[PDB]
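I have placed the structure first, in the form of structure tokens, so that the comments after it can refer back to it.
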Amino acid sequence: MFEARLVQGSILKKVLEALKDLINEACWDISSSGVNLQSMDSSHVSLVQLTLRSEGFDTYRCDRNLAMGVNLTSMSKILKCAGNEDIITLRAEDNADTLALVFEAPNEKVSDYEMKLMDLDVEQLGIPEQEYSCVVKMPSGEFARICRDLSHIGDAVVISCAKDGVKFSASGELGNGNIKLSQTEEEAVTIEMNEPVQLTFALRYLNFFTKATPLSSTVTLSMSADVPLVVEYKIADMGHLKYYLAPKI
Amino acid sequence: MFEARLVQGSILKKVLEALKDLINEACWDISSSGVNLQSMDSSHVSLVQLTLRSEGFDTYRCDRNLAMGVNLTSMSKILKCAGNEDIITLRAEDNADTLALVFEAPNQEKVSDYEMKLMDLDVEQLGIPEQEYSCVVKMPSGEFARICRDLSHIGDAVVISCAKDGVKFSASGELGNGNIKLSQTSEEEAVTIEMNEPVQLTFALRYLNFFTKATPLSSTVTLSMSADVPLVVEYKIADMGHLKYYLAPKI
Amino acid sequence: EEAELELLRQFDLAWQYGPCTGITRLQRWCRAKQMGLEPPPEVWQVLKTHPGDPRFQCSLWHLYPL
Amino acid sequence: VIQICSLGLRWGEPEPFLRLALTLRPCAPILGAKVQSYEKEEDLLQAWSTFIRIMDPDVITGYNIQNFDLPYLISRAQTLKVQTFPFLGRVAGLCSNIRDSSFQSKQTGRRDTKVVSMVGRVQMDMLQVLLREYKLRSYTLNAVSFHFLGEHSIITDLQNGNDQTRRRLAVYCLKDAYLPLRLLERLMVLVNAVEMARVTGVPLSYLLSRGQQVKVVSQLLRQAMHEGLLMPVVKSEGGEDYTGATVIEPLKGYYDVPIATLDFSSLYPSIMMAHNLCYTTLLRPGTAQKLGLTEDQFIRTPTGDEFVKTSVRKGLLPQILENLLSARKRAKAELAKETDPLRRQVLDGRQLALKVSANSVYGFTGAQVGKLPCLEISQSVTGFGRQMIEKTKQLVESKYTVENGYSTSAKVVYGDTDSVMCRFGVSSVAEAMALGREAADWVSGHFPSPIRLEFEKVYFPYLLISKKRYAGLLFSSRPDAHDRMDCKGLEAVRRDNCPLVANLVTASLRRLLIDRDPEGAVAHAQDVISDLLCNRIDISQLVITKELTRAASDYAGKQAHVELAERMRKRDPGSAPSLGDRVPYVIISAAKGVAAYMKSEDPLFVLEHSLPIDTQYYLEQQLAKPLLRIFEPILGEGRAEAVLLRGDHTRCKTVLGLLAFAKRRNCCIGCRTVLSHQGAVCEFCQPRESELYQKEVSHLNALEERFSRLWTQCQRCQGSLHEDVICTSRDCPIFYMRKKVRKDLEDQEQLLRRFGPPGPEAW
DNA sequence: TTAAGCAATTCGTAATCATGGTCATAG
DNA sequence: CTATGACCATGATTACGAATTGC
Ligand SMILES: Cc1cn([C@H]2C[C@H](O)[C@@H](COP(=O)(O)OP(=O)(O)OP(=O)(O)O)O2)c(=O)[nH]c1=O
Ligand code: SF4
Ligand SMILES: [Zn+2]
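Residue numbers (the authors' numbering), protein chains in the order written: chain F, 1 to 107, 109 to 185, 191 to 255; chain E, 1 to 186, 191 to 255; chain D, 42 to 107; chain A, 334 to 484, 491 to 995, 1001 to 1107.
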């Protein structure tokens, strides 16, 4: 039997609105170490990796390692029938294919939904750990506006990481432009560099990646030679959320 | 070598937001008096005169009487990529047919440097007459936009009656007749209907909605009319110069 | 080279060594040698002075979805 | 040009008499044919020109010889400076030349061809004969040879090799050059061309270049010299349309009591015959006046004209039509004594052609862009048609009623401009057939002659969906119990869809109309949808084809096949669809939902590059709505919920740059839990392991049985058991169904090596 | 210089119109 | 720190052309 209880349902709603546009189906690997997920997008281009560690759930209980198959659209429709202050508990059997969600208001009103799961035949992939050599820590709002503003011109963007700062350039039929950023708490842009980087990535994927902006304040961008650019977010004493995207050749 | 700066630079966003829905192109006449723009409309009913004196700018270098042409809506789409506190800088070479826009930040950390290419222009140009305008009205711009939009949901074209005591904005429509009356109020919210001789005219209310696109563009709006002549709506671009929209009248 | 690439293309279509479009080139050379039909000692002496190159050590149609 | 291969016969003898093959390197002998070899191409082209002068043939055939073969030979002879090649004709001092031509009509569309000049000799490309007469799905030689009989870079290394490879190449080329002869003699092409030229009076070259106007001009002139009239020249751009045919409003649904069909045979030519309508007897509005003789000198039509009775004149179009009608009657009288099925349908093709000729006589009159239009006549024709069919419906529903001694008052359920489907009430097919024959013969006695109504069939049961969409089961006699189904208009006879959908509609109507079991039908549709979502459906069943017409209408609005065609390939900007052909494509999955014209791809490109398939596109856009047409009328709207719930129990079973950076996480075979180490079973589901090994070895066993049935079928379709298979035929289901079982077996063999080996192997 | 007709149903794309989530600023 | 409507974004309805088949 699985049963979790978490006091901040807002974190759950932000993570479920991170993913309902890029992914349609997923498999939750429920374990005794937390709730962990890997998936590819529908276009077979980008990777998502989500970790909610076991401690941050304020009442955890998991008997046996599970694997649930969830249609993310119906779940995203269910988690918007819960206000931003409620307390969310998850209830599952180890013999069943149907999940229970109970939302507890902090005042006379409690709500409970049952959702039918599906069996899927997906394959789970991962990533190996290497040292990306350009390490940027920047504000998330500026990154959202930079991607959204370059988007109207053309579709590719070149990232140009040099010593004092980074520089993003983009072209198109109505011209071109760049934006600089320089080394100078969370409104700073901390830039670690060993080897300089210049690479090209398409904008539709980046404007998908900047959908999960209310999860934190800062965003971490990691680059290296010829590897997929990593976009990383941290969720406070809960875990993290990573997107992965490959460069153009 | 043209190189000019504007610190309170939100006004350029504000003018080209009220420029692009009217007309698709503009004839930018850069003189040593500054930045000017006379241009007709597309429907052969109206006209825009923008004047930007040099004394309304900050830092200035003009070496040429440049006469260029801008496709407006792509320039507006580029101007949508900078905030309103951000400093607007323009750079131009008299041989390199491009515009180099430089958006400085007030905290100076985000730098933008955009470039729009040029296209040739052979635009028509007519001169406005100077005359006596029998009714000049100073009004709040927001109240004026509110009133003409309140009339937009009745009918299509407006009839105006300009006289001594009150001014009469009347209209018909598919639901019947309506009219609102105004009077003088005994610095920005003050009104004044300066009048010599009362008149009646017909104008297009949809072009008043087009002209009220410059609602946040001044302290007060000025409405100047006389008999059978283009109405000039005036938005005094504060400390800078002024934008005047002419509307040739109806018959 | 460019003369060694026609000797192998000639070894690959001689019908007296076998019907070979599913296997490697050196496997067919040793299959004929076991039965000892008559493999020639020159289609061996270019499969030794090369490493694992896919344009020497592969049959002619090792693309081609047949 | 490296090989030319030729077959030749005298007409009337059941085998050829000449079989020649001319190659460009030394070759190996073939039993039954002569083989000559040359060291240069100039000798090869000269040798072929001398052979074609000396044998001196009457007719030249082939397959795509006009647009590929002859201009390739002519251009290749021009490049190599051989002066004596292009004299192929009969006149001794004349050389041949390539010249473009176009044809267009609303009946066959528009096609652009080259022609090459040969005086004396006649050309019959069989491709153009197929493209003009037949409406098929693909027009490749493999596809029509399967439909009627039953079957570039490799060649360059079969020719740069040895002489047994060249002998294999020559046997392949001779089989190619032999297939169109067999098609020409089997389909009764030339006998029907000779009979068409004898009945119409036009030459034998006009039946491959022209339309249906020169023939009716010819017959009208040949009938005009016998009374001394001259034809005028009227030309107008342009008149208006007139009102066409009536359709009766249905009583839609599912019927299970027999309906009998009564129709008129040769309707419009007999209207034109039996009311004396012609150019030469059309009475102008004034020339009746001031004569007052109305009775039995002229008649009046529902559109309004007046036409002279036959006691004053005989028209010219009645006589031409009467000759064509007797020719078709003789063809049917000959067809009524055949026993072979393909022969029965080719005599049906002959009589169909003569009925099309007789109806195009009437359609000549209304063509305002033409040579002689008289829209007054056309309006009189369709007015008489409407009047007679409503007369039929009133009469049939009015006479046989409960008060008139009969059993039940009948009620007409449908009628479409020549036929009437009356529902009688009895559920015995013998009594329905008896009353229907009585009704047809009764109603026919209210007309001039040759106007006759006839019984044609009894449908039992019946399924009426809309206008021009229905289905039923066919009775010809009673002790001849049933013949087949009839599918008028539905999703099984159109070519704009997938084979999967047309097959599902045919199988559903089979299980639903023959066995009357809706539960097997639901289980069938469930299995089709389940096997769709589980990714075990062949890509032959997913191919869509559309015709690439004139380029400006496809400029006017963005389509999928136009986008695929105009997008060239990197490999070949010299082989691409042209105007008039068919483009095949499949739809792959992506995230551009605004446009289904951004997700289309060539079947061979998605074969070699392995792109996924959009199963939701095929589920909600191809399959779902035809099924909701068919399955609803037998039940309510709980049937829409029944099939969308059948889906719902079966929709929950779906099978699944950066792709190279895999981690390949192993998973438990029992409960799908990713874990460290390579063992197959999970620690909680470890005991139940003999049953989990038992399960899936019966799957490996069934994949092994499918590998062997397929990869030895290619050996029997190829001919040889000792040499390699090379056949990438895109119209064969065999190809790319033999490619995926290798990978299924590759995957299922490696899943069972998770378990140890069942013994040692080095002993 | 060259070409037989009309009736009807189905599906896809762009454009028109309705409605909610953020947000921005006046109270 | 908190109401109000103006602003952006996403989904439902209509229109028309193209394709193909039945009489
Ligand atoms: C098929 C077809 C029919 N029609 C008109 C003429 C026909 O008189 C009318 C009836 O269509 P059909 O029933 O198809 O043809 P038919 O009645 O003349 O001959 P039969 O009964 O022996 O099959 O439809 C045309 O004008 N052009 C055509 O191509
Ligand atoms: S793939 Fe095999 S069965 Fe299919 S056509 Fe080719 S040789 Fe024949
Ligand atoms: Zn397990």
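Just so it is clear, CB atoms sit at the ideal spot from N, CA and C, and this is done for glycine as well.
Asked, Found
"Assigned exposure category for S719 (chain A) - 16 Cβ within 10 Å defines buried", "buried"
"Per-residue DSSP class, three states only, for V449 (chain A)", "strand"
"Residue-level contact to chain D via CB, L812 (chain A), 9 angstroms cutoff", "no"
"Three-state class that DSSP yields for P680 (chain A) in the structure shown", "helix"
"Cβ neighbours of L342 (chain A) in the same chain (closer than 8 angstroms, five flanking residues each side left out)", "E348, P349, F350, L351 and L520"
"is_contact[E980 (chain A), chain D] using C-beta, thresh 9 angstroms", "no"
"Buried versus exposed call for residue 485 (chain A) [16 or more other C-beta atoms within 10 Å across all chains shown]", "The residue list of chain A ends a segment at 484 and starts the next at 491, so residue 485 (chain A) has no coordinates to report."
"Chain A contacts from the segment 86-100 of chain D (Cβ-Cβ distance under 9 angstroms)", "none"
"is_contact[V945 (chain A), chain F] using C-beta, thresh 9 angstroms", "no"
"For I78 (chain F), three-class secondary structure by DSSP", "helix"
"Whole-angstrom distance between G1014 (chain A) and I180 (chain F), CA atom to CA atom", "53 angstroms"
"Contacting positions in the segment 145-159 of chain F - beta carbon closer than 7 angstroms to chain E", "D150 and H153"
"Strand pairing of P140 (chain F), partner residues [DSSP]", "F:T224"
"Touching by the beta-carbon criterion (3+ pairs, under 8 angstroms), the segment 701-714 of chain A and the segment 565-579 of chain A", "yes"
"Proximity of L50 (chain F) and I78 (chain E) at Cβ, strictly below 9 angstroms", "no"
"Ligand 1 heavy atom lying under 8 angstroms from the CB of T756 (chain A)", "yes"
"Within chain F, the residues that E115 (chain E) reaches when beta carbons sit closer than 9 angstroms", "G176, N177 and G178"
"Cross-chain neighbours of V111 (chain E) in chain F, by beta carbon under 7 angstroms", "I180 and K181"
"Contact residues within the segment 46-75 of chain F, judged by C-beta distance below 7 angstroms to chain A", "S46, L47, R64, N65 and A67"
"C-beta neighbour in chain F for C135 (chain E), strict 9 angstroms", "no"
"Interface positions of the segment 1068-1080 of chain A facing chain D (Cβ-Cβ less than 9 angstroms), listed along the chain", "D1068, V1069, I1070, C1071, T1072, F1079 and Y1080"
"Counted within 10 angstroms of its Cβ, other Cβ atoms place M76 (chain D) as buried (16 or more) or exposed", "exposed"
"Integer Cβ distance of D911 (chain A) from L887 (chain A), believed to fall under 8 angstroms", "At roughly 17 angstroms, the Cβ-Cβ gap does not stay under 8 angstroms, so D911 (chain A) and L887 (chain A) are not in contact."
"Three CB pairs or more closer than 8 angstroms across the segment 758-766 of chain A and the segment 590-598 of chain A", "yes"
"Residue range of the unbroken alpha helix (DSSP H) whose run includes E192 (chain F)", "Counting along the chain, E192 (chain F) falls outside any alpha helix (DSSP H), and DSSP gives it neither H nor E."
"Ligand 2 heavy atom lying under 8 angstroms from the CB of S699 (chain A)", "no"
"Contact test: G1014 (chain A) Cβ vs ligand 3 heavy atom, cutoff 8 angstroms", "yes"
"Expected contact under 8 angstroms - CB spacing of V159 (chain E) and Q204 (chain E) to nearest Å", "7 angstroms"
"Where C761 (chain A) sits in the DSSP three-state scheme", "strand"
"The segment 15-30 of chain E / the segment 41-55 of chain E touching (three or more Cβ pairs under 8 angstroms)", "yes"
"Sufficient close CB pairs (3 or more, under 8 angstroms) joining the segment 436-449 of chain A to the segment 1026-1042 of chain A", "no"
"Neighbourhood of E645 (chain A) by C-beta distance below 8 angstroms, restricted to the same chain and skipping five residues each side", "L622, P624, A627, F637, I638 and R639"
"According to DSSP, residues forming a beta bridge with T600 (chain A)", "A:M760 and A:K796"
"Contact test: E1035 (chain A) Cβ vs ligand 3 heavy atom, cutoff 8 angstroms", "no"
"Local conformation of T185 (chain E) per DSSP, three classes", "coil"
"Extent of the continuous beta strand (DSSP E) run through residue 490 (chain A)", "A break in chain A separates 484 from 491, and the residue in question, residue 490 (chain A), sits inside that break with no coordinates."
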